[PDB]
């Protein structure tokens, strides 16, 4: 029971106002687009798309955003706040943080790849955000193909949709830490992952030191082919040994996944059409509707 244009009557201007927020942000720093698409994904995989990822930590507990996979990597919170400030001045206590985040990811898909779709709305905001659930529910870049498939099945998403959605890594960046397993001490037999181009590896070793931590502020684009265009080049790059994350390279290590990649790589419009579906589908995981939850007036804190 989520609908496109939930706010038709209650807040007609909302989708526009969010898109302006995002568009302003994007022109300053185009990295907010990939940032916000990841945020939406990280929302949806813990307690559903309920805005829980946006809550700050307190003295009471460490929230999701301060878990290892989220801090310091997640980015886009200013944008969300600014969209949310706009919307609250226009339709107070009406539009949820959950919908704003779903909307913003959609606006980022448009800005980064000209990918245009519509967003069912009527989500409500949760009151719970636990780092411990973030750790549990967010897949790691060290996952093999089977493990990726099982996260996503865990969220009622097909393998094929897992592959489709991985194409988000067609834009945005990675901290050194996230792929360090592949370029230092990979095995007893070699220092570097054989499934990663030895030239690329050499370059990544020179950019990213062995003592790198998750706070080391050194990043590298996930898609070496078209770093800022949300397109199907990710899938080409994965087939060419140019996949950056272990979880990226995982997609050609299993037959049905490997074929989905070939098709995504072979066909842009086809992947685009698929991506818009998967992400609309992702945006509907264990959502709160009706009277459930609240309309959080400040995204960073429970009312």
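Numbering follows the first chain given and starts at 1.
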Which has higher Cα B-factors on average according to the PDB entry: 45-53 or 30-38? 45-53
Tell me which of 57-65 and 234-242 has the higher mean C-alpha B-factor in the deposited entry. 57-65
Taking the values straight from the PDB record, which of 217, 154, 227, 139 has the highest C-alpha temperature factor? 154
Looking at 166, 195, 158, 73, which has the biggest Cα B factor in the entry? 158
Within this chain, which third does the Cα B-factor at residue 21 fall in: lowest, middle or highest? lowest
Lowest, middle or highest third: where is residue 133 by C-alpha B factor in its chain? highest
Can you tell me which third, lowest, middle or highest, the CA B-factor of residue 185 falls into for its chain? highest
Where does the C-alpha B-factor of residue 247 rank in its chain, lowest, middle or highest third? lowest
Ranking every modelled residue in this chain by its Cα temperature factor as given in the entry, which third contains residue 108? lowest
